[PDB]
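The data below hold one chain only, encoded as structure tokens and taken in the form deposited in one PDB entry.
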């Protein structure tokens, strides 16, 4: 009765991508069929399934003869990481009322009726549906947050967990927290289809695509304690992740956004000079009750490896030594701190972009690490000097420089190693890459 044990024994279906082949590692050996257009993209711990809106993008799981988990009153839980692009205002108008299924165990235009369960979306609403053998149905309807920067169906990898207890209710969990319930008592036996099909069915927006990962099924209704453990077991601090939950790539551009003040953008005063925070502009839409801070404005950064070692991996791993640069005016400028450059209180060292000065050593050795907030897709950058001593973590500091107005200048500081168990710190950075899953309206 160790949670890890329970989670192991209760698993009767578990899909994992290995060798670019989709398979069931549950032990039960369910037949997994993959159609030509079911594509693989990077995901939470390896690769995920990416389904586009076409008949050829489909994955079919044919359950083992023994894998009977929804008999007369048999409790069950279904989990998976989901990632759906941000719906544009226009599509929210044309397709806001369009409910399309993405995962379902219901045989539709046939001899039977809605077999058993389905997961679908209608606008910015995730839906869980249960249908018994007599055609009775219960549903959970989860309405997403208005602030798309902090929403769940707005382009980030989020862990979905739908538990079902026949004596009480079906609960919807997102990232380990309960967001919706529905009393399912009074529902009869569930007479399902032998196949569990992952596919965009009934979607009228040809550009709708979705990614699903770690589709798993349990023969019991997990409780909070078990969902939390399961949820975090996927958060392995191996590779660092970008703002969407995907792996951090080296020679790729990124926009920085301090998690402590997610409304600010990073700006360059002038080439050989410092960087400071600015206010990101906002999109708002009263009619659709949607709004969010615009992304993609501000300096662009690039992570380069410090030295060529053993193997050239494309993903930045927690602990790798790197060099941060900023693409600007068609050149790439190294970020570092000059031997005796400007600094507040003898400690908070001011960071320079492309600082070029004959005879003055520049400190650039950075270390990308995940020191805190494992549930957040953030990064902490550490700067070192020629002797590999720490100049500190990269964060901000408020003050002036010259006749320049008061600003929150990016600095490097060791102070952060004193205040570190806090929920909000300031040395935490989101790495945001341009993604077609997110367009500003």
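Only residues modelled in both forms are compared. Positions refer to the first chain, counted from 1. In this text, the rigid core denotes the largest set of C-alpha atoms whose superposition between the two forms falls within 1.5 Å.
There is another form of the same protein, the form deposited in another entry; it is not shown, and what comes next is about it.
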ask   = Which listed residue (69, 415, 377, 384) has a Cα shift of at least 2 Å between this form and the one not shown, rigid core superposed?
value = 69
inquiry  = residue 72 and residue 24: their C-alpha distance differs by 3 angstroms or more in the other form. Do they come closer or move farther apart compared with the shown form?
reply    = closer
Cα-Cα trend for residue 71 and residue 217, given that in the other form the distance shifts by 3 Å or more = closer
Core-superposed comparison between this form and the one not shown, runs of at least 3 residues with CA shifts of 2 Å or more = 68-73, 309-311
